[PDB]
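> Here is the sequence, then the experimental structure:
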Amino acid sequence: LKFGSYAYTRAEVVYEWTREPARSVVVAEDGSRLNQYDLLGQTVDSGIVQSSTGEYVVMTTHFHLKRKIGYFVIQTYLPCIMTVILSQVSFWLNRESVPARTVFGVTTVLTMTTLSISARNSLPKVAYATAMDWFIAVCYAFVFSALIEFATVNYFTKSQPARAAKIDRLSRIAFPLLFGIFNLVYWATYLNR
Amino acid sequence: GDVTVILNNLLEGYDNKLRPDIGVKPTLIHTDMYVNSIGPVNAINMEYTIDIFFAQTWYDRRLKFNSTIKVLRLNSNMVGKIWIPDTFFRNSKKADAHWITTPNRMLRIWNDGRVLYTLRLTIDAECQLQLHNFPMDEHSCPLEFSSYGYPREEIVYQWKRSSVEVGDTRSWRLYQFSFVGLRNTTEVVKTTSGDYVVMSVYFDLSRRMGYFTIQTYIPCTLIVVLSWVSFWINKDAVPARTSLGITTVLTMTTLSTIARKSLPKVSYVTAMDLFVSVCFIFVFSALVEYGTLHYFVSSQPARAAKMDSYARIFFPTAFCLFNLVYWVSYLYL
Amino acid sequence: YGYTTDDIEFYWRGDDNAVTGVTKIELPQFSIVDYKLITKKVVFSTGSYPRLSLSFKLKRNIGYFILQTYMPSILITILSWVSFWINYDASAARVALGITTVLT
Amino acid sequence: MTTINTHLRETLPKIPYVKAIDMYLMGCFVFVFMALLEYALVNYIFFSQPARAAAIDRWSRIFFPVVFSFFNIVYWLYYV
Amino acid sequence: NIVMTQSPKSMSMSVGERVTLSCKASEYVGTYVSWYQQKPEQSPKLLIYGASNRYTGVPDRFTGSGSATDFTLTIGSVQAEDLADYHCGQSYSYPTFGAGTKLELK
Ligand SMILES: *[C@@H]1O[C@H](CO)[C@@H](O[C@@H]2O[C@H](CO)[C@@H](O[C@@H]3O[C@H](CO[C@H]4O[C@H](CO[C@H]5O[C@H](CO)[C@@H](O)[C@H](O)[C@@H]5O[C@H]5O[C@H](CO)[C@@H](O)[C@H](O)[C@@H]5O)[C@@H](O)[C@H](O[C@H]5O[C@H](CO)[C@@H](O)[C@H](O)[C@@H]5O)[C@@H]4O)[C@@H](O)[C@H](O[C@H]4O[C@H](CO)[C@@H](O)[C@H](O)[C@@H]4O[C@H]4O[C@H](CO)[C@@H](O)[C@H](O)[C@@H]4O[C@H]4O[C@H](CO)[C@@H](O)[C@H](O)[C@@H]4O)[C@@H]3O)[C@H](O)[C@H]2NC(C)=O)[C@H](O)[C@H]1NC(C)=O
Ligand SMILES: *[C@@H]1O[C@H](CO)[C@@H](O[C@@H]2O[C@H](CO)[C@@H](O[C@@H]3O[C@H](CO)[C@@H](O)[C@H](O)[C@@H]3O)[C@H](O)[C@H]2NC(C)=O)[C@H](O)[C@H]1NC(C)=O
Ligand SMILES: *[C@@H]1O[C@H](CO)[C@@H](O[C@@H]2O[C@H](CO)[C@@H](O)[C@H](O)[C@H]2NC(C)=O)[C@H](O)[C@H]1NC(C)=O
Ligand SMILES: Cc1ccc(-c2nc3ccc(C)cn3c2CC(=O)N(C)C)cc1
Ligand SMILES: Cc1ccc(-c2nc3ccc(C)cn3c2CC(=O)N(C)C)cc1
């Protein structure tokens, strides 16, 4: 929150804090209309603005906000994890139930697309990719890999059923462990920031 | 005070209704502009926001004064007492000055009668975006201004080499566009009330394809590959294949509908629409491939298997080829 | 508002080139077919007043709507016919296809 | 369940904590997901002794309504 | 309570060359760090008010800088008059001074 004088330069009007700068911006204890943010504190500074019309005093205040994650957890991360697990459970399913596994895969992928598109609209249309975007992308990759695994099982079955059994049994434990490793890595690399 | 006496003398017998040199020669106004920020460029309303510090300098013979004070530095209190040019922005949907805590206006008067008058403005300028090539489209659209009631014979505007300067450009609100640069222009425009000197500043904006990539290009590609995954499925499970195809089609259709909504409803096709329609054709072609296979298996299964393998080996190559063609075509031109 | 036809009379200054810029106008969804300038007097209980009317004819650009709405409709109702080519023995495929077309 | 939750989400603002309607919606989604898992489980032991799969199905047929009713009683007594 | 650690505690650097005094703050004190000069048996004299602003009638060899917690005072060329104790203090909060560093020639 920068403010200063229009039309009066440092040589004519200067600004200063009434009391100690640390105690000069006071926030009412009960006054907080933030919903998804937490106000950690405020910081003040005084400086100069260099302008074609002269040098002006600018008084600066910074309000430090840390975003609350509960809503985003509930609306994106827990749904995404649940969709991943819903795609995973197909491995325990019967191989002979080809329509069942196909329905699971296609519905899960559609569900990941709808969560992706619904999660992107909440934040502004920035060009770069956010952390939630990476989480959504990796979850999408996991569900899509589960679909590819089912496709490979259905391709092998009736030709090399031993290979189909081996690949399905291996995936049953490879996918959950990889998802857990990715979850731990992501949460560590972002929360501890 | 001395300045009080000077200001009293200046305003005595002063008619702010009449411009300087009314019956003599056009009043030459020099204009500068500090582009504080170029706000969001929303194409739905076909406009963009810009925050500027507009400065205007002219000479007023009536404001000459002899004293050791070389410049009278004043606040907005005097803005309405002296004559001020009636500059307005011709392509502004809506603009307003700033009024907190007081009017954000400055006024400086020199010995020789020169007047400098700056103010802070935010303008919702309107410029038509030719959304062909979107979201690869590049735009360069203006902020025009002129005197409302004074034709060229009475008010003339003139730029300066360093008239238009830009801020840091990192805090600007442009998310899907990048500020390539700006150029200025002056011309005369014929109007019902006469000819007016119209001054223009063009801001060249290049779109960022990064966001729309994530929004639409990746999802459409991955739905297309989802449609591909049908071919490797066993031919026997008809409900499996039908459900996969229809789910891909529905997701593709809803994705197309939502993706277009990001764009103003225009009657012409955009580069974005073409890629989406190509992916939609690809999924429809996969559905038709499975349907033809289902009809042809009854007559003979060997041909069905042969054509299924051919489709499996072809479709990815066809999609890659069309991607290359589209991307090169719309990046070159 | 306050002046009747005994006090004020309106007319178009030129009567043909009184309204300008209609050709240069551009709309995302409409095309201006033409415009008309009308002069008349409207009577209220308070008196009679001069009325000018400027009217535009706007025609909707169908091109957007065709692809946006009709094309998904045309397709969906075409795929709905695929059920015919499938043998009636396979109930699941045909039923799913028809019913999902209805949902779409 | 997903669509009902999306319709609820659009109306309300972004709030960190969890609302009562949110608790009910998680409960109901848990029930649906558990039914799906039960179906997958009975399918898994389908090739094995079908008697066990039938017994599991019979257990579910009576427990799921009962457990859902108990959950409804608890939820509605807590919030009233 | 912001604690201003001032180092080095003393200096015996040769006359005529550059002197660098570095003052560090425990917490954020935006630009409210000042440098005072205290010649022996005499009251302190203000040299730098705010960060990187010189007080009236101060030799131009003195110049300071610093943003959040790292502030320094630089002398272009020492003089016989510069043999004094220098203290850095912050005024962002209730004032606290640094330990002060003595300047010596040899
Ligand atoms: C249909 O009806 C509509 C509704 O009535 C009508 O709109 C109104 O039009 C009038 C006239 O056009 C407007 O009045 C003018 O307002 C100008 C500023 O406009 C902005 O601000 C006002 C709000 O005004 C408050 O805040 C301003 C900002 O500082 C103050 O200047 C005001 O005093 C006032 O402050 C009070 O209110 C505060 C909070 O409400 C309080 O906290 C505070 O304590 C005060 O009590 C807004 O309403 C405007 O918004 C509207 O307009 C914009 C236009 O783009 C729209 O976009 C928007 O949507 C809104 O519609 C806008 O934001 C004033 O500058 C102006 O007054 C000057 O000019 C007149 C004319 O000459 C003088 O009489 C007057 O004295 C002023 O001149 C002095 O001041 C200037 C500095 O500005 C000096 O340069 C000058 O030399 C002169 O100084 C001398 O006199 C001084 C005495 O004032 C003295 O102190 C000096 O020492 C010196 O001697 C004028 O008042 C009105 O705001 C519109 N309202 C609305 C709602 O639109 C519309 O036009 C009608 N349509 C038609 C077709 O007729
Ligand atoms: C849009 O709607 C308006 C209003 O309905 C149309 O204006 C109408 O224009 C016709 C032709 O100019 C008018 O007819 C005239 O009536 C007078 C009455 O004395 C007669 O003397 C003339 O010979 C002529 O027949 C009609 O009055 C007028 N409507 C109203 C309410 O004034 C307009 O044509 C429509 N289209 C466009 C493109 O504006
Ligand atoms: C802004 O307008 C000024 C004045 O019209 C332009 O200044 C000219 O700059 C060129 C350099 O390319 C010089 O050769 C001319 O002599 C300048 N003219 C004057 C009158 O000084 C300036 O180029 C414009 N900036 C743009 C278009 O970006
Ligand atoms: C053509 C022109 C150029 C600059 C100004 C101007 N006048 C001021 C007065 C005060 C303050 C804080 C900023 N001002 C600015 C803009 C500026 O220089 N910024 C933002 C760094 C006005 C007109
Ligand atoms: C408050 C709330 C409730 C439910 C959801 C939700 N939406 C989905 C969509 C899809 C899939 C697979 C799972 N979903 C879940 C699961 C969930 O969040 N649980 C179990 C706590 C989101 C927010």
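Perfect, thanks for sending it. Numbers count the residues shown, from 1 in each chain, chains lettered A, B, ... in the order given. Ligands and ions are numbered 1, 2, ... in the order given.
> now the helices for chain C?
Listed from the start of the chain, chain C has helices (DSSP state H) covering C:62-65, C:71-79, C:82-85, C:91-103.
> Out of the ones you listed, the one nearest residue D:61 is which?
Taking Cβ to Cβ as the criterion, residue D:61 comes closest to helix C:91-103 out of those, the separation being 24.6 Å. Where you see a C-beta, it was placed from the backbone N, CA and C, and this is true even at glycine.
> Leaving out chain neighbours, which residue sits closest to residue C:16?
Distances taken as Cβ to Cβ, 6 or more residues apart in numbering or on different chains place residue C:37 nearest to residue C:16, at 7.7 Å, with adjacent residues excluded.
> actually residue A:123, not the one I typed
Of all residues not flanking residue A:123 in the chain, residue A:130 sits nearest, at 6.6 Å (Cβ to Cβ, 6+ apart).
> now swap in residue A:140 and tell me
Of all residues not flanking residue A:140 in the chain, residue A:112 sits nearest, at 4.6 Å (Cβ to Cβ, 6+ apart).
> Quick check: next helix or strand after the strand or helix carrying the one you found?
Taking DSSP states H and E as the criterion, the element that holds residue A:112 is helix A:98-122. The element immediately downstream of helix A:98-122 (helix or strand, assigned by DSSP H and E) is helix A:131-156.
> in the chain, which residue is closest to the centre?
Looking at chain A here, since you left the chain open. Computing the C-alpha centroid of chain A and ranking residues by Cα atoms, centre = their mean puts residue A:132 first, at 2.3 Å.
> if you could check chain E rather than the one you did, that'd help
residue E:35 (3.9 Å).
> can I assume the residue nearest to residue A:140 is in contact with residue A:82?
No - with contacts counted by Cβ atoms under 8 Å, residue A:112 stays clear of residue A:82, the gap being 10.9 Å.
> Show me which of the two is the more surrounded one.
Regarding residue A:112 and residue A:82, a neighbour count based on other Cβ atoms under 10 Å in any protein chain shown identifies residue A:112 as having more, with 25 against 16.
> contacts for the helix or strand hosting residue B:95?
Counting by DSSP H and E, the element that carries residue B:95 is strand B:92-97. By Cβ atoms under 8 Å, 6 or more residues apart in numbering or on different chains, the list of residues contacting strand B:92-97 from outside reads B:45, B:47, B:89, B:103-105, B:119-126.
> Downstream of that strand, the next helix or strand is which one?
Following strand B:92-97 in sequence order, the next helix or strand is strand B:105-110 (DSSP H and E).
> quick one: that following strand to chain centroid distance?
Chain-centre distance of strand B:105-110: 33 Å, with Cα atoms, centre = their mean, to the nearest Å.
> That strand and ligand 4 in contact?
No - in this structure, strand B:105-110 remains apart from ligand 4 according to Cβ under 6 Å from any ligand atom; the gap is never smaller than 6.7 Å.
> Now do that strand: which elements does it pack against?
strand B:71-74, strand B:114-126 (3 or more Cβ pairs under 8 Å, 6 or more residues apart in numbering or on different chains; DSSP states H and E).
> Report the angle between that strand and strand B:92-97.
Relative orientation of strand B:105-110 with respect to strand B:92-97: 70 degrees, computed using axes from the mean of the first three to the mean of the last three Cα atoms, to 10 degrees.
> Dump the C-alpha coordinates for strand B:105-110 into CSV.
Output for strand B:105-110, consisting of C-alpha atoms alone and laid out as CSV, is shown next (Å, rounded to 0.1, in the frame of the first residue of the first chain):
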residue,chain,number,x,y,z
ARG,B,105,-4.0,16.9,-10.5
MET,B,106,-1.0,19.1,-10.6
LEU,B,107,-0.5,22.6,-12.0
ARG,B,108,2.7,24.5,-12.5
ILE,B,109,3.0,28.0,-14.0
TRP,B,110,6.3,29.6,-15.1
